[PDB]
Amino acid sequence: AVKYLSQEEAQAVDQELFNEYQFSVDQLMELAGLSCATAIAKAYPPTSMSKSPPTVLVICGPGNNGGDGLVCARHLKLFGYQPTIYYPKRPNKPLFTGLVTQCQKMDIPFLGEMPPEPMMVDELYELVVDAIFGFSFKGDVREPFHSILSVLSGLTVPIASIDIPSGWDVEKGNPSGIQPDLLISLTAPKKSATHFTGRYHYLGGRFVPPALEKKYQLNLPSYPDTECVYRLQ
């Protein structure tokens, strides 16, 4: 079976990829976001949905996980979804300012505020993508993320979480946290993923060098043909 990483292991793998393998953040953020959009189109293919094109709200956090969300949105649009983004805390770095411009010019709207009620989210968006916090989370959910998670936990439409469900302890999960319907584990699952009880758990980030996988015994499954996601079951 695939390995489920401790937060320490995940941090080491991430730092190896950027330092020893000298991947750039742009590159792996592009592949991660693409895997997300791909996992989502396979779990919730546009023809299975009742709006045409189907609607999706992507909520982006203040760091890299939110970055992945921005990329996911752009790919989702190319895949025939109609995404909307909420991105309340944006770093002023070229990486993030670039991604914003790209999405803007793809006519993906950035909401001024979060719809305050779960019912209103449900009415407007057929799916919600949680791109708030990822494997590095140790918080301390500060505003506005506490208030956002509290809306999310009342939703009826499915949530897709990027890497980790935001607000979960990365290893121990969170019995009173959000309960997503899809979890896209990037590179390999974290220990919290044993607490997942949604329908769809995909592995994404098809970029792990074999030597890295072997050194960490990830026991990653074989991705089919040229697919960048694998459905774990």
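Each form is matched to the other, and the largest set of C-alpha atoms that superpose within 1.5 Å is called the rigid core. Numbers follow the displayed sequence, beginning with 1.
* Out of 134 to 142 and 69 to 77, which shows the greater rigid core-aligned C-alpha deviation in 6 other deposited structures of this protein? -> Once the core is superposed, the stretch further away in 6 other deposited structures of this protein is 134 to 142.
* To do: Taking the mean of the C-alpha B-factors per stretch from the entry, tell me the winner out of 169 to 177 and 63 to 71.
  => 169 to 177 has the higher mean C-alpha B-factor.
* Taking only the CA atoms, which stretch has the higher mean B-factor in the record, 125 to 133 or 86 to 94? -> Between 125 to 133 and 86 to 94, it is 86 to 94.
* Asked: For the listed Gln27, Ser185, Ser50, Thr38, which has the peak Cα B-factor recorded in the PDB entry?
  -> Across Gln27, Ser185, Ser50, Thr38, the entry lists the biggest C-alpha B-factor for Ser50.
* Taking the entry's C-alpha B-factors for this chain, is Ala43 in the lowest, middle or highest third? -> For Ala43, whose C-alpha B-factor we compare with every modelled residue in the chain, the answer is the middle third.
* **Ranked against its chain, the third holding the CA B-factor of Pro109** => Bottom third by C-alpha B-factor.
* CA B-factor placement of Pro115, once the chain's modelled residues are sorted into thirds -> Middle third.
* **Relative C-alpha B-factor of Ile148, binned into the chain's lowest, middle or highest third** => Middle third - that is where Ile148 ends up once the chain's C-alpha B-factors are sorted.
* **Lowest, middle or highest third - CA B-factor, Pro158** => For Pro158, the deposited C-alpha B-factor lands in the lowest third.
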